[PDB]
file my_file-v9.pdb (PDB, C-alpha atoms and all ligand atoms)
ATOM      1  CA  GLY S   1      -1.635   5.873 -18.683  1.00  0.00           C
ATOM      2  CA  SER S   2       0.577   8.957 -18.763  1.00  0.00           C
ATOM      3  CA  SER S   3       2.553  10.216 -21.761  1.00  0.00           C
ATOM      4  CA  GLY S   4       3.954  13.646 -22.568  1.00  0.00           C
ATOM      5  CA  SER S   5       7.425  14.112 -21.103  1.00  0.00           C
ATOM      6  CA  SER S   6       7.710  17.905 -21.120  1.00  0.00           C
ATOM      7  CA  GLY S   7       8.545  20.806 -18.825  1.00  0.00           C
ATOM      8  CA  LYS S   8      10.804  20.899 -15.776  1.00  0.00           C
ATOM      9  CA  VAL S   9      10.007  18.134 -13.288  1.00  0.00           C
ATOM     10  CA  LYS S  10      11.432  18.028  -9.763  1.00  0.00           C
ATOM     11  CA  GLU S  11      10.284  14.961  -7.828  1.00  0.00           C
ATOM     12  CA  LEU S  12      12.831  13.318  -5.529  1.00  0.00           C
ATOM     13  CA  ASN S  13      13.379   9.744  -6.711  1.00  0.00           C
ATOM     14  CA  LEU S  14      12.475   6.892  -4.362  1.00  0.00           C
ATOM     15  CA  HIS S  15      12.466   3.088  -4.298  1.00  0.00           C
ATOM     16  CA  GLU S  16       8.911   2.749  -2.988  1.00  0.00           C
ATOM     17  CA  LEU S  17       5.767   2.752  -5.131  1.00  0.00           C
ATOM     18  CA  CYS S  18       2.292   1.345  -4.488  1.00  0.00           C
ATOM     19  CA  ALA S  19       1.401  -1.977  -6.111  1.00  0.00           C
ATOM     20  CA  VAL S  20      -2.367  -1.694  -6.547  1.00  0.00           C
ATOM     21  CA  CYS S  21      -2.532   1.721  -8.212  1.00  0.00           C
ATOM     22  CA  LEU S  22       1.220   1.968  -8.790  1.00  0.00           C
ATOM     23  CA  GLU S  23       1.539   5.648  -7.881  1.00  0.00           C
ATOM     24  CA  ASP S  24       4.258   7.408  -5.886  1.00  0.00           C
ATOM     25  CA  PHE S  25       3.111   7.409  -2.259  1.00  0.00           C
ATOM     26  CA  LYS S  26       2.006  10.815  -0.974  1.00  0.00           C
ATOM     27  CA  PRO S  27       1.951  12.259   2.569  1.00  0.00           C
ATOM     28  CA  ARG S  28      -1.397  13.984   2.048  1.00  0.00           C
ATOM     29  CA  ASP S  29      -3.008  10.538   2.018  1.00  0.00           C
ATOM     30  CA  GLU S  30      -2.762   8.153   4.971  1.00  0.00           C
ATOM     31  CA  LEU S  31      -0.584   5.056   4.594  1.00  0.00           C
ATOM     32  CA  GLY S  32      -1.450   1.693   6.119  1.00  0.00           C
ATOM     33  CA  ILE S  33       1.434  -0.564   7.115  1.00  0.00           C
ATOM     34  CA  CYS S  34       0.980  -4.335   6.940  1.00  0.00           C
ATOM     35  CA  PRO S  35       2.564  -7.090   9.074  1.00  0.00           C
ATOM     36  CA  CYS S  36       4.511  -8.074   5.958  1.00  0.00           C
ATOM     37  CA  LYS S  37       6.696  -4.962   5.836  1.00  0.00           C
ATOM     38  CA  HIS S  38       4.485  -3.621   3.045  1.00  0.00           C
ATOM     39  CA  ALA S  39       2.697  -0.264   3.018  1.00  0.00           C
ATOM     40  CA  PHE S  40      -0.198   0.671   0.735  1.00  0.00           C
ATOM     41  CA  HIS S  41      -2.793   3.401   0.200  1.00  0.00           C
ATOM     42  CA  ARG S  42      -5.584   3.289   2.783  1.00  0.00           C
ATOM     43  CA  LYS S  43      -7.901   3.091  -0.228  1.00  0.00           C
ATOM     44  CA  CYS S  44      -5.892   0.699  -2.399  1.00  0.00           C
ATOM     45  CA  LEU S  45      -5.585  -1.739   0.506  1.00  0.00           C
ATOM     46  CA  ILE S  46      -9.168  -1.598   1.772  1.00  0.00           C
ATOM     47  CA  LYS S  47     -10.342  -2.166  -1.801  1.00  0.00           C
ATOM     48  CA  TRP S  48      -7.753  -4.747  -2.851  1.00  0.00           C
ATOM     49  CA  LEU S  49      -8.760  -6.532   0.354  1.00  0.00           C
ATOM     50  CA  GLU S  50     -12.355  -6.842  -0.850  1.00  0.00           C
ATOM     51  CA  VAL S  51     -11.466  -8.519  -4.146  1.00  0.00           C
ATOM     52  CA  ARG S  52      -8.390 -10.192  -2.664  1.00  0.00           C
ATOM     53  CA  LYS S  53      -7.743 -10.493   1.073  1.00  0.00           C
ATOM     54  CA  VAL S  54      -4.018 -10.779   0.357  1.00  0.00           C
ATOM     55  CA  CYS S  55      -0.943  -8.617  -0.218  1.00  0.00           C
ATOM     56  CA  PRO S  56      -0.369  -7.623  -3.869  1.00  0.00           C
ATOM     57  CA  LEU S  57       3.351  -7.854  -3.107  1.00  0.00           C
ATOM     58  CA  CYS S  58       4.239 -10.933  -1.058  1.00  0.00           C
ATOM     59  CA  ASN S  59       0.850 -12.541  -1.694  1.00  0.00           C
ATOM     60  CA  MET S  60       0.386 -13.695   1.900  1.00  0.00           C
ATOM     61  CA  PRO S  61      -2.996 -14.416   3.542  1.00  0.00           C
ATOM     62  CA  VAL S  62      -3.647 -11.624   6.042  1.00  0.00           C
ATOM     63  CA  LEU S  63      -6.934 -12.403   7.790  1.00  0.00           C
ATOM     64  CA  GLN S  64      -6.023 -12.463  11.482  1.00  0.00           C
ATOM     65  CA  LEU S  65      -3.250 -10.522  13.218  1.00  0.00           C
ATOM     66  CA  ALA S  66      -0.948 -13.186  14.655  1.00  0.00           C
ATOM     67  CA  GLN S  67       0.957 -10.575  16.660  1.00  0.00           C
ATOM     68  CA  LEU S  68      -0.366 -10.016  20.182  1.00  0.00           C
ATOM     69  CA  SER S  69      -1.558  -6.409  19.984  1.00  0.00           C
ATOM     70  CA  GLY S  70      -4.761  -6.442  22.013  1.00  0.00           C
ATOM     71  CA  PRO S  71      -7.301  -8.775  23.656  1.00  0.00           C
ATOM     72  CA  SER S  72      -9.566  -7.996  20.701  1.00  0.00           C
ATOM     73  CA  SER S  73      -9.283 -11.598  19.512  1.00  0.00           C
ATOM     74  CA  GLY S  74     -11.813 -14.404  19.824  1.00  0.00           C
TER      75      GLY S  74
HETATM   76 ZN    ZN I   1      -2.103   2.934  -4.237  1.00  0.00          ZN
HETATM   77 ZN    ZN I   2       3.226  -8.018   1.688  1.00  0.00          ZN
END
call {"tool": "encode", "arguments": {"input": "my_file-v9.pdb", "output": "structure tokens"}}
result
Amino acid sequence: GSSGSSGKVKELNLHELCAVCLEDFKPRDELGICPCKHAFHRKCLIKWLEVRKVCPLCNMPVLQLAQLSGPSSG
């Protein structure tokens, strides 16, 4: 964990924080958006998907993309 509130900190407050790692999302790292209106770290997701092929937020089974994006289905 983190403990040591000290020094001047200037980090715009937001209402969006990862669920797997629980760390303020950063632009430097790519963000993957899910069909459940939930975004996560390209790493957090990929990994979390291995141990649990579900969303750590809504907890919905995301195996196949229902939406008709491309003929890459079959
Ligand atoms: Zn994360
Ligand atoms: Zn979700």
call {"tool": "resolve_selection", "arguments": {"input": "my_file-v9.pdb", "expression": "the PyMOL selection byres (((chain S and resi 43-47) around 10) and not hetatm)", "output": "list in words"}}
result
residues 18, 19, 20, 21, 22, 29, 30, 31, 32, 33, 34, 39, 40, 41, 42, 48, 49, 50, 51, 52, 53, 54, 55 and 56 of chain S
call {"tool": "residues_around", "arguments": {"input": "my_file-v9.pdb", "residues": "segment 4-14 of chain S", "least_positions_apart": "2", "cutoff": "10 Å", "atoms": "all atoms listed in the file", "output": "ChimeraX atom specification"}}
result
/S:2,16-17,24-25
call {"tool": "residues_around", "arguments": {"input": "my_file-v9.pdb", "residues": "residue 65 of chain S", "least_positions_apart": "6", "cutoff": "12 Å", "atoms": "only C-alpha atoms", "output": "ChimeraX atom specification"}}
result
/S:34-36,71-74
call {"tool": "closest_residue", "arguments": {"input": "my_file-v9.pdb", "among": "S:69, S:57, S:64, S:26", "to": "ligand ZN 2 (chain I)", "atoms": "all atoms listed in the file"}}
result
S:57
call {"tool": "atom_distance", "arguments": {"input": "my_file-v9.pdb", "atom1": "atom CA of residue 15 of chain S", "atom2": "atom CA of residue 66 of chain S"}}
result
28.4 Å
call {"tool": "closest_residue", "arguments": {"input": "my_file-v9.pdb", "among": "S:23, S:28, S:1, S:60", "to": "ligand ZN 2 (chain I)", "atoms": "only C-alpha atoms and all ligand atoms"}}
result
S:60
call {"tool": "closest_residue", "arguments": {"input": "my_file-v9.pdb", "among": "S:3, S:70, S:37, S:63", "to": "ligand ZN 2 (chain I)", "atoms": "only C-alpha atoms and all ligand atoms"}}
result
S:37
